Amino acid sequence: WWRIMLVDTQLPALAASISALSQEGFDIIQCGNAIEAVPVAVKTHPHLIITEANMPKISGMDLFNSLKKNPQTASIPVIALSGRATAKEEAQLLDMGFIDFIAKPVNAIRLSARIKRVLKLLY
């Protein structure tokens, strides 16, 4: 029973990947922006969080920092998904504490394995 929260401003584009994960046994909690993501994370306690890195208004880094402010969510691992994925962006997010970084477009096989590796390591 693995709860996985996914935060992205264009969830429809990930519909394909998300469907494949459900089949994998992941319980996907979908959020369209950082505003709803924080309160939802605090009450649903996902085992892992996947967030788009560059979101308007509130970014993935902003979400990461907000999650660190609540003891309930401060230790939940966070994976960044980015449509830019410059070497500098990847390094900055990893240096910040993101548990992993995945460049879009998202590949369900790659995403699934990345999620599992982190879950195996932390749980």
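Just above, that's the structure.
What counts and how
Residues numbered from 1 in each chain as written, not as in the entry; some residues may be left out. Heavy atoms only, no water. Helix = DSSP H or I, 4+ residues; strand = E, 2+ residues; numbered from the N terminus. Buried < 20%, exposed > 50% of the residue type's maximum accessible area, 1.4 Å probe, protein only. Contact = heavy atoms within 4.5 Å.

(A) Structural detail: unusual backbone geometry. With an omega of 0 degrees, the peptide bond between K104 and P105 qualifies as cis. Of note, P105 is situated in the loop between β5 (100-103) and α5 (108-122). In the Ramachandran plot, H45 falls in the positive-phi region, its phi being about 45 degrees despite a non-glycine side chain. Structurally, the position occupied by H45 is in the loop between α2 (34-44) and β3 (48-52). On the basis of relative accessible area, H45 is assigned to the partly exposed category, the value being 33%. In the Ramachandran plot, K57 falls in the positive-phi region, its phi being about 75 degrees despite a non-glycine side chain. With respect to the helices, strands and loops of the structure, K57 is situated in the loop between β3 and α3 (60-67).

(B) Molecular detail of the environment of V38. Structurally, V38 is set in helix α2. Look at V38 and you get partly exposed, because its relative accessible area is 23%. Here the alpha-carbon distance between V38 and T73, two residues 35 residues apart in the chain, equals 8.8 Å.

(C) Structural view of the environment of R114. In this fold, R114 is placed in helix α5. Among the residues examined, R114 registers a relative accessible area of 40% and is labelled partly exposed. Linking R114 and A15, residues 99 residues apart in sequence, is a C-alpha distance of 18 Å. Non-local contacts of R114, meaning those with residues more than four positions away in its chain, are made with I79, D100 and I102.

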